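A.B. asks:
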Amino acid sequence: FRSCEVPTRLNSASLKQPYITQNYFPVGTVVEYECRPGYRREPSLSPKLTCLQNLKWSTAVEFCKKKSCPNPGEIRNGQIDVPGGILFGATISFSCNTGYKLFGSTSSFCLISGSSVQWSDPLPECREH
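Using the entry's author numbering, the first residue of the sequence shown is number 1061, and each one after it goes up by one.
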């Protein structure tokens, strides 16, 4: 007649495990949480969304935070340009020092929606010609 509905929703958290089925949960289910790309949980504790008593799933705090891109690092013989922030979905432009020609790329992308905070194309080259 009732059963547990669309489970609890946290600031960036969403169920990881095929615990769910997410159809009709009978009251009494401990489920586990997954943070979205570019998020970190709280200090990583009891990740327990129980279907409690009153189809009112149990505790729900803030099991996420955020993981933004941690700087594309530094290129070489030259330097790397950050227009004021390297968050998720960002990017840079490579600029070599004097006398050199960029032989690798003139940009690279911050993407998190694949393998967590990571960048596409690391060190190009700066080849003096």
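Note that beta-carbon positions come from the ideal geometry of N, C-alpha and C, so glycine has one too.
Per DSSP, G1138 is paired with what?
C.D. replies: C1156
A.B. asks: Nearest CA to the CA of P1130: which residue from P1067, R1136, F1148, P1143?
C.D. replies: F1148
A.B. asks: Going by DSSP, name the residue or residues bridged to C1064.
C.D. replies: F1085
A.B. asks: Determine which residues share a DSSP beta bridge with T1110 and list them.
C.D. replies: Answer is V1090.
A.B. asks: Compute the beta-carbon to beta-carbon distance between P1182 and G1138, rounded to the nearest angstrom, for a pair I have assumed lies under 8 Å.
C.D. replies: Taking 8 Å as the upper bound for CB-CB distance, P1182 and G1138 are not in contact here, some 14 Å apart.
A.B. asks: Going by DSSP, what residues sit across from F1169 in a beta bridge?
C.D. replies: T1151
A.B. asks: By a C-beta neighbour count over all protein chains shown, 10 Å radius and 16 as the cutoff for buried, is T1110 buried or exposed?
C.D. replies: Result: buried.
A.B. asks: Look at the alpha carbon of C1064 and the alpha carbon of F1169, and state the distance between them as a whole number of angstroms.
C.D. replies: 41 Å
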